[PDB]
Amino acid sequence: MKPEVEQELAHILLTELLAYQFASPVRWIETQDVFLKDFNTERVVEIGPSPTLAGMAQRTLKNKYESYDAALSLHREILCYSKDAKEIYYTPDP
Amino acid sequence: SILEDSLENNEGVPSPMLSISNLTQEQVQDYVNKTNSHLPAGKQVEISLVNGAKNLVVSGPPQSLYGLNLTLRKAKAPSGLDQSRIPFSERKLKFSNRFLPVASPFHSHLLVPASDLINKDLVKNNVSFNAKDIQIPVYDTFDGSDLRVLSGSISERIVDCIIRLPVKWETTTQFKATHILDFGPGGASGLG
Amino acid sequence: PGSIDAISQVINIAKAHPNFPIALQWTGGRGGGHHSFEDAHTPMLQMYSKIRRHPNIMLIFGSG
Amino acid sequence: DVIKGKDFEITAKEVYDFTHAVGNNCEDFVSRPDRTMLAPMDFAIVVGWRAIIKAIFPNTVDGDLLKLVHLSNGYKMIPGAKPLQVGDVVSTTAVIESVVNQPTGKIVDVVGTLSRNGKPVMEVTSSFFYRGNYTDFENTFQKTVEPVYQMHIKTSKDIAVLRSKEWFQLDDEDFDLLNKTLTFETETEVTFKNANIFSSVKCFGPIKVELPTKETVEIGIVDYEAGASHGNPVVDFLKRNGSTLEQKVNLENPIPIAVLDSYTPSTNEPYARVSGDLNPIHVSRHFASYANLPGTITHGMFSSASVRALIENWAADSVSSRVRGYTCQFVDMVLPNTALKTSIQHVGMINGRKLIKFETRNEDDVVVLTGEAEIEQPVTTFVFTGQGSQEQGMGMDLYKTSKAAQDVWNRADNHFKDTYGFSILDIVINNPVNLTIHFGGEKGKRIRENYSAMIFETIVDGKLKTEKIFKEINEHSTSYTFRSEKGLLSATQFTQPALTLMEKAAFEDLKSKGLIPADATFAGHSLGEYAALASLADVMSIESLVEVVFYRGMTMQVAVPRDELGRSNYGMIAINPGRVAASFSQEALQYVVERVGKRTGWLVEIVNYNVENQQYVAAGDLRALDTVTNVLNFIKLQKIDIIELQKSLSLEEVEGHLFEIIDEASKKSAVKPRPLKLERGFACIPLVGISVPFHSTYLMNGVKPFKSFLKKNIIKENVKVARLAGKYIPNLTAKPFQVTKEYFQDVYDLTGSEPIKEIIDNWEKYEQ
């Protein structure tokens, strides 16, 4: 496919998704499962005022990834910009 | 990272053979069946030694044995929990588990490939064991049987008995005797 | 005794005076009156061998 | 001239030999069942060695090969390229960059480029040294890649001085340099003719201008050329008259990783055999002795791969994939059977990769090796927070410390002041109870028209019902006033900009410290999805963002009939299927809400699917919310397993069964006063604040006025496909952005949109 053509298309798709997001519901459970399991994120970082989407993704892990995580020996780390500055910016104590 | 964690959790230094104590053979196999659920064929762990009653030994790749180790780490309980004021039935599993001192996954699917190759090699040197020559019963590791009452090669058996087949230790020590002599490795930490 | 540790205590009172009869009355948790959170078989099943290497211990099962 | 190498197939066993030669026991290189064997980035040297070494041979580069010295060697992976595999066939190309005569000797800088299947895979860098006294000033060159210079064209004389230089050459001379930011990406090619005097000096590169998206577009050229030069005028200019963008960013304190013990091999033959370095210096004592070396020196290349292995293991946790850059300085020589404590720290960041520095000393405590490595961060996913958690002064600390932050806020705060007459910084800094705009002088009146053009369109059965958002603002209004008993920071029209801003600012500080992984995936929750799109994909200017987001809030504050006291007929309830019953599933909450929907002919739909079996949110008719909240309370105190009654009874049977339960609770709420007050439940919590049933079908008419607003603010040219493809998880769809026929359909299915439908229908618009 032609690059300029891809843009033009990808553009209107992007604007469509944003326009109609207004009405359709927020599929966050499905979303978390995409990056938690399909992508196997080890560092999920929340960028917001407080840790709301974090404790969301934390409960989700205990509720569903209990076993997956164990066997596949994947250490997951859930960080909120709000409270976990040290861990995000790589600047610790002694 | 793994070695780090496995160490600060009082488990061993990850190796191909894990030993779980105070769990049913059924109980153990249960947790392994779960762990193995999430892994590909070539990364799976199995029971290698049924050394005794609630004493077993799982074996496979070190990393996937480490995974089993984690699924276990939540199912257990701190050793000094003092459940003495908890009614018996209601109490939590206390049990031991540690990696064993060995470089290789004995009695596992990881070694099956070397089976035919070893035998083909054993033939290319003088080695073979005719049942005519063995003077006293040599109890099969899996059967508990005699190795002499054997249609095929006794060599080939004990090869496949060490490399692929489990060791049902109590059933292979079926015999009755007054005295057992331990010539095998490791003083009082040994098989005797 | 009523605890696995308690039994082990008696075994020590036993070595104390090897020539003296000691009646280890192993009670269980299913007895009358005073109680115990302990099972009636587990402790005995577990301590038996050691209890049995002291000839002065007269092992007595009780309760139920 | 370019030196072409040879094609090279990587055998499974050439790998076994190499790994074992340098002592790299990484599992990525060992043949395991059901995995293809990977080759160590070290292996690049085995492939390119012949193409590279050839470069120091020509007659014009006359050197005594017996006094040759290796200074450095590094490997750089071109982005996107997967590591070398056992299958791969590899073409090698060795270009010799710089050959310069120095006081002490001749230096040759070679560059390898290992390509695979047409595409380039990685670059190898080696510099060698012929010691001695030379003067081939006739055959000596060197090309250096100048750092990028940034220049902030602020004044009118600034632009004058730049046009004064003959090398400053832009496409349209008419370009308005005033108030833009320029970057100069320069390469300077030089040839010596004398000790200090240059024979010729070329200096070329693109000149670029910052966009609002912070993207950079080519504006012109630097084109300098000079014979008998003495210095580079262009670089000097840019040095003094600009700033130098370096892509490395130190941490605050170096973070120690580990101190490891290494050893050089008993003999060197093993390394020589795998690598093709039959240099007798390393193997034959009489050659070593003839060259006056301490003995049969260990291959400097061995130490390179040996130390690298340590970095690989301990810094990348033995994930071969992660190290994408490594480089090595051969400080001093090492004999076989020497012990080597090499230490490793985490020193900084570059483009999302960990910058790692190491130093290897011997038994006599003399430094022998030193280099650095770039290593990928763990798989990262960014989630951007939606409304609800905004606090007064939020992220205002970061405004005080970070430059990135200030620029984001200030750009926005300015735009808000000059077009709507308020400061978003103020609102955030001290939550104001009330706020009046004053439509003062000529600028006051400019402002009020921007208020007067706020439209809320509503396509209803073909008809477009448009209304002024600001009813009252007209040609005679002297002011408007926003109100809130609590504080305007919690009125969505301000809340949304505040959130988007705090986040976009914070992310741009992270980006500045070089902490954002390239392949990170991102998603936002309702509102946060605009912040997410802005932060990771720069789909819009900082101003375009606060604009869109601000109108999105005004729109939501008019997309529903209000009372005198401005009350809502709707609201949102946050449910927890867990609390009703351990039995009560997701299909159970769906079922229940869909029945109370159809039954009462009111409006309830599940709006947020947040956490399976735990956190959901439903919106709609306040009455329907009061039914569901009570129907639920009942099923709990009643202990009604609907998964079990579905087996034992029929559809119509249990249907009616709760249709009855519904109808006894629905009577009770219809008979309640005008704007019913939703109250708490066993698994239901009312979301205090919300008044619009957004993320329901209710807001379907307010789509096409916003769908134009968005199109007027998200320009085609700022949507770079790769920034979104595979990384961006929307909210409508919950599946990673792909521009495929497949994807396009799912969107139509979830929405039904004209623009889409045609596209799906005639997908074969493939060819331009």
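For the stretch B:139-173, which residues satisfy the criterion of being within 18 Å of the chain's Cα centre (by Cα) and in a loop (DSSP other than H, G, I, E, B)? If the condition is that a residue be within 18 Å of the chain's Cα centre (by Cα) and in a loop (DSSP other than H, G, I, E, B), then B:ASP140, B:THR141, B:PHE142, B:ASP143, B:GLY144, B:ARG164, B:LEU165, B:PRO166, B:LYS168, B:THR173 are the ones that fit. Residue count for the stretch D:711-768 under the criterion of being crowded, with 19+ Cβ neighbours inside 10 Å, touching a residue at least 24 places away in the same chain (Cβ under 8 Å) and not in a loop (DSSP other than H, G, I, E, B): the result is 4. Contact map, the stretch D:56-71: residues that are loosely packed, with under 12 Cβ neighbours inside 10 Å paired with residues that are of a type in the set (D, E, K, R), Cβ distance under 6 Å, separation 6+ or inter-chain. No pairs are found. Before we move on, is D:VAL548 buried (at least 21 other Cβ atoms within 10 Å of the Cβ) and assigned to a loop (DSSP other than H, G, I, E, B)? No.
Determine which member of the set A:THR52, A:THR31, A:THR91 is within 7 Å of another protein chain (Cβ to nearest Cβ), among the β-branched types (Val, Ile, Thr) and more than 23 Å from D:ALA618 (Cα to Cα). Can you show your working first?
Numbers: A:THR52 fails: more than 23 Å from D:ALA618 (Cα to Cα); A:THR31 fails: more than 23 Å from D:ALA618 (Cα to Cα).
None of the other options fit; the residue is A:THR91.
Within the stretch B:31-71, the residues that satisfy the criterion of being away from every other protein chain (no Cβ under 13 Å) and either free of Cβ contacts under 8 Å to residues at least 24 places away in the same chain or assigned to a loop (DSSP other than H, G, I, E, B) (or both) are B:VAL50, B:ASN51, B:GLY52, B:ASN55. Residues in the stretch A:34-48 that are of a type outside the set (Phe, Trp, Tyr), facing another protein chain (nearest Cβ under 7 Å) and free of Cβ contacts under 8 Å to residues at least 40 places away in the same chain: A:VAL34, A:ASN40, A:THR41, A:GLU42, A:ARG43, A:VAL44, A:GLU46, A:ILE47, A:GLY48. Looking at A:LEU53, A:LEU74, just one residue is assigned to a loop (DSSP other than H, G, I, E, B) and surrounded by 15 or more Cβ atoms within 10 Å (Cβ to Cβ), and that residue is A:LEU74. When only residues in the stretch D:516-554 that are under 12 Å from the mean Cα position of the chain (by Cα) and more than 11 Å from every other protein chain (Cβ to nearest Cβ) count, which is nearest to A:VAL34 (Cα to Cα)? Restricting to residues being under 12 Å from the mean Cα position of the chain (by Cα) and more than 11 Å from every other protein chain (Cβ to nearest Cβ), the top hit is D:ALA518. In the stretch D:99-121 there is at least one residue that is farther than 26 Å from D:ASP223 by Cβ, touching an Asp or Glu at 6+ places or on another chain (Cβ under 6 Å), charged (D, E, K, R) and assigned to a strand (DSSP E or B). The sole residue among D:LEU251, D:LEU245, D:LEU211 that is under 30 Å from D:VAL719 (Cα atoms), surrounded by 14 or more Cβ atoms within 10 Å (Cβ to Cβ) and within 24 Å of the chain's Cα centre (by Cα) is D:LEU211.
Condition check ((1) touching a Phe, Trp or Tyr at 6+ places or on another chain (Cβ under 8 Å); (2) more than 21 Å from A:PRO49 (Cβ to Cβ)) across all residues:
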residue	(1), (2)
D:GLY388	no, no
D:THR419	no, yes
D:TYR451	yes, yes
D:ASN474	no, yes
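Being farther than 30 Å from D:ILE356 by Cα, outside the structural domain of D:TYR75 (by CATH) and buried (at least 20 other Cβ atoms within 10 Å of the Cβ) is a description that applies to D:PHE416. Considering D:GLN102, D:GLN150, the condition of being closer than 30 Å to D:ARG240 by Cα and free of Cβ contacts under 8 Å to residues at least 60 places away in the same chain is satisfied by D:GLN102 alone. The single condition among (1) exposed (fewer than 12 other Cβ atoms within 10 Å of the Cβ); (2) within 13 Å of chain A (Cβ to nearest Cβ) that D:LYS403 does not meet is (2). Within the stretch D:433-451, being under 16 Å from D:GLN493 (Cα atoms) and crowded, with 18+ Cβ neighbours inside 10 Å holds for D:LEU435, D:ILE437, D:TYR451. The sole residue among D:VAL69, D:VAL30 that is of a type in the set (A, V, I, L, M, F, W, C), within 14 Å of another protein chain (Cβ to nearest Cβ) and out of contact with any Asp or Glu (no Cβ under 9 Å at 6 or more places or on another chain) is D:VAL30.
In this structure, D:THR213 does satisfy being in a loop (DSSP other than H, G, I, E, B) and within 14 Å of chain A (Cβ to nearest Cβ). Against the list (1) surrounded by fewer than 19 Cβ atoms within 10 Å (Cβ to Cβ); (2) within 12 Å of chain A (Cβ to nearest Cβ); (3) under 23 Å from D:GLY656 (Cβ atoms), the condition D:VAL593 fails is (1).
Sub-9 Å Cβ pairs linking a first residue in the stretch D:1-28 that is assigned to a loop (DSSP other than H, G, I, E, B) to a second residue that is among the basic types (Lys, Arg) and buried (at least 17 other Cβ atoms within 10 Å of the Cβ), at least 6 apart or interchain, are D:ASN24/D:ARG308, ordered by first then second residue.
Positions of Cβ are generated from backbone atoms using ideal geometry, with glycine treated the same way; all protein chains shown enter the neighbour counts. All of this is worked out from the model, or read from it or from the source named; nothing here is a laboratory result.
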